[PDB]
There are 2 protein chains.
Amino acid sequence: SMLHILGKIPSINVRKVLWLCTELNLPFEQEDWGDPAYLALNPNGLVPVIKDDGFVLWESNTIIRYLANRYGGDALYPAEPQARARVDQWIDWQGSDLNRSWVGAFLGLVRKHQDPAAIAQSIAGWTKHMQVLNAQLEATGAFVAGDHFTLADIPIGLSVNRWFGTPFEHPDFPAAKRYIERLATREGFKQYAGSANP
Amino acid sequence: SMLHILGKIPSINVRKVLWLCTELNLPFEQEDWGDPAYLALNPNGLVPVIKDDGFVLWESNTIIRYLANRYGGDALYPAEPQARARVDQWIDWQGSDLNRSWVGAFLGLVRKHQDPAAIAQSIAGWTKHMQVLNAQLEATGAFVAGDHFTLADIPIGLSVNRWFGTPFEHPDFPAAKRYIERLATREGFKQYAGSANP
Ligand SMILES: N[C@@H](CCC(=O)N[C@@H](CS)C(=O)NCC(=O)O)C(=O)O
Ligand SMILES: N[C@@H](CCC(=O)N[C@@H](CS)C(=O)NCC(=O)O)C(=O)O
């Protein structure tokens, strides 16, 4: 009956959900997933998928929106259309654009994609996206979507954690560094991010 | 002051916004975009981006959520957390997973990516995703997220339109065909989808 979260902890998309549950003080049961039993839940064969008293849901960014909508307060995921859109914008950018930019460099330098040119190119594309994000963080001076922690800081925070947790010569993005150090005081970030969880 | 939509009409992501505006009876000004003037609006250099009385927003799936939240009724984008999550799920699946699966085949067969193996492989991956979607449409027997038209049917409907508008030997997905014929009676689909707009 209680919330079940299916998917291995190393998955960044699974940790979006785990960290959100910590923010919400929502109890859960987590299960490692790399099978019809699973495909019955998520026909795409990807992690995470949740079960919430009979309600089955996949897509990590959808799942965090759902848990926020059901259990969370307004600050976490604001109802006002413009404020909500700023939060959605960075969630959607994380899930469709930013996460694609790191593939070669992450799989190559962290997960062991060993072509020097390909890695250099991924770092280049990742850098250009991190450049956009760094500029936003300078502009707010605080969190990704404004002056306080929101749902967007979960996908964005984990993605910045991934950037610093990938071994290469990092270009100076001071605002990104400020941001990750600010998130590091949060219980969920200590558990599901940091160098231990690239 | 009125809604400005920047981005060329052939873009599927731009047409998500154009079709939604038709559903909402929301007046707009559309401008073709393929430049600092643009990057000031969307630092990613992608289309679409909107301007709404000073409020600037990019990410097509974020933009359609925003316009729905601001101007639309509950049926279009329900407030109830589970119903809302079903809508978000397919929007997020469209924007992160399904749209990636067609790249090789679309660029090759529609936009002129001419490698026979690569095209066959894209068709394979596109087919497996369309297989998931077809199964969902069988399950509801109506629209992607349930018994009535929702925001999710805009990204999903345009994506199904793309599948049928791409010249190759299509595997039988009857429910997908039923669905696209159901959407074809909608004004926005006549304008921004069909064979004229793959
Ligand atoms: N759209 C899916 C993406 C899932 C996906 O494509 N890959 C998973 C593994 S199944 C992932 O976590 N990739 C990121 C990583 O390398 O940690 C979601 O966000 O839930
Ligand atoms: N995440 C962006 C995606 C934009 C993107 O990456 N490409 C645009 C062109 S700038 C597109 O519409 N691609 C689909 C197509 O081939 O029509 C959004 O949804 O707004």
Side-chain angles (χ1 to χ4, degrees), chain A residues 5-18 33-34 38 42 44-50 57-65 88-108 110-111 113 129 154-155 158-159 161-162 165-166 192 197-198, chain B residues 5-18 33-34 38 42 44-50 57-65 88-108 110-111 113 129 154-155 158-159 161-162 165-166 192 197-198:
Chain A
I5 301 165
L6 281 62
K8 62 197 194 306
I9 296 183
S11 160
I12 194 171
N13 300 312
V14 171
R15 282 180 281 120
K16 289 170 182 180
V17 187
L18 299 171
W33 289 82
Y38 193 85
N42 181 8
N44 303 285
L46 301 179
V47 306
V49 64
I50 63 163
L57 190 66
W58 42 270
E59 283 298 333
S60 63
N61 288 348
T62 292
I63 292 163
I64 65 172
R65 283 165 165 127
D88 277 336
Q89 183 190 79
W90 293 104
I91 291 175
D92 292 337
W93 180 75
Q94 190 283 328
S96 77
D97 300 342
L98 170 64
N99 63 358
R100 291 317 313 193
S101 72
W102 69 48
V103 171
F106 182 70
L107 274 89
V110 175
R111 300 290 203 244
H113 296 269
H129 285 88
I154 288 172
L158 291 171
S159 295
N161 185 66
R162 175 149 295 187
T166 302
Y192 303 113
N197 307 279
Chain B
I5 301 165
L6 281 62
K8 62 197 194 306
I9 296 183
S11 160
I12 194 171
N13 300 312
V14 171
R15 282 180 281 120
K16 289 170 182 180
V17 187
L18 299 171
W33 289 82
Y38 193 85
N42 181 8
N44 303 285
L46 301 179
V47 306
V49 64
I50 63 163
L57 190 66
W58 42 270
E59 283 298 333
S60 63
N61 288 348
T62 292
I63 292 163
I64 65 172
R65 283 165 165 127
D88 277 336
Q89 183 190 79
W90 293 104
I91 291 175
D92 292 337
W93 180 75
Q94 190 283 328
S96 77
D97 300 342
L98 170 64
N99 63 358
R100 291 317 313 193
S101 72
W102 69 48
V103 171
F106 182 70
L107 274 89
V110 175
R111 300 290 203 244
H113 296 269
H129 285 88
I154 288 172
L158 291 171
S159 295
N161 185 66
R162 175 149 295 187
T166 302
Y192 303 113
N197 307 279

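Proteins come first, then strands; the chains are lettered A, B, ... in the order of their sequence lines, and each starts at number 1. For ligands, and for the atoms within them, numbers begin at 1 and follow the listed sequence. The analysis underlying the following values was restricted to heavy atoms, covering all of them including side chains, and did not include hydrogens, waters or symmetry mates.
Taking CZ of A:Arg162 as the start and CG of A:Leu158 as the end, the distance is 8.5 Å to the nearest 0.5 Å. Between the CG atom of A:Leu18 and the CG atom of A:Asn197 there is a distance of 9.5 Å, given to the nearest 0.5 Å.
Contacts of A:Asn161 classified as side-chain contact (heavy atoms from CB on, under 4.5 Å), with partners at least two apart in sequence or in another chain: A:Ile180, A:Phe189, A:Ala193. Residues passing the salt bridge (charged side-chain N to carboxylate O under 4.0 Å, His left out) test with A:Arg15: none are found, sequence neighbours excluded. Contacts of A:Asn42 classified as side-chain contact (heavy atoms from CB on, under 4.5 Å), with partners at least two apart in sequence or in another chain: A:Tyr38, A:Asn44, A:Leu46, A:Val49, A:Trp58.
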N or O contacts of ligand 1 with protein under 3.5 Å, please list pair by pair.
unit_1   : atom_1 : unit_2   : atom_2 : d
ligand 1 : 1 (N)  : A:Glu59  : OE1    : 3.0
ligand 1 : 1 (N)  : B:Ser96  : OG     : 3.4
ligand 1 : 1 (N)  : B:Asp97  : OD1    : 3.3
ligand 1 : 1 (N)  : B:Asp97  : OD2    : 3.4
ligand 1 : 12 (O) : A:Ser11  : OG     : 2.5
ligand 1 : 12 (O) : A:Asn13  : ND2    : 2.9
ligand 1 : 16 (O) : A:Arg162 : NH1    : 3.3
ligand 1 : 17 (O) : A:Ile12  : N      : 3.2
ligand 1 : 17 (O) : A:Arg162 : NH1    : 3.3
ligand 1 : 17 (O) : A:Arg162 : NH2    : 3.2
ligand 1 : 19 (O) : A:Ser60  : OG     : 2.6
ligand 1 : 20 (O) : A:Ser60  : N      : 2.9
ligand 1 : 20 (O) : A:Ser60  : OG     : 3.3

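Residues A:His129 and A:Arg100 are not in side-chain contact: their nearest non-hydrogen atoms beyond the backbone lie 4.5 Å or more apart.
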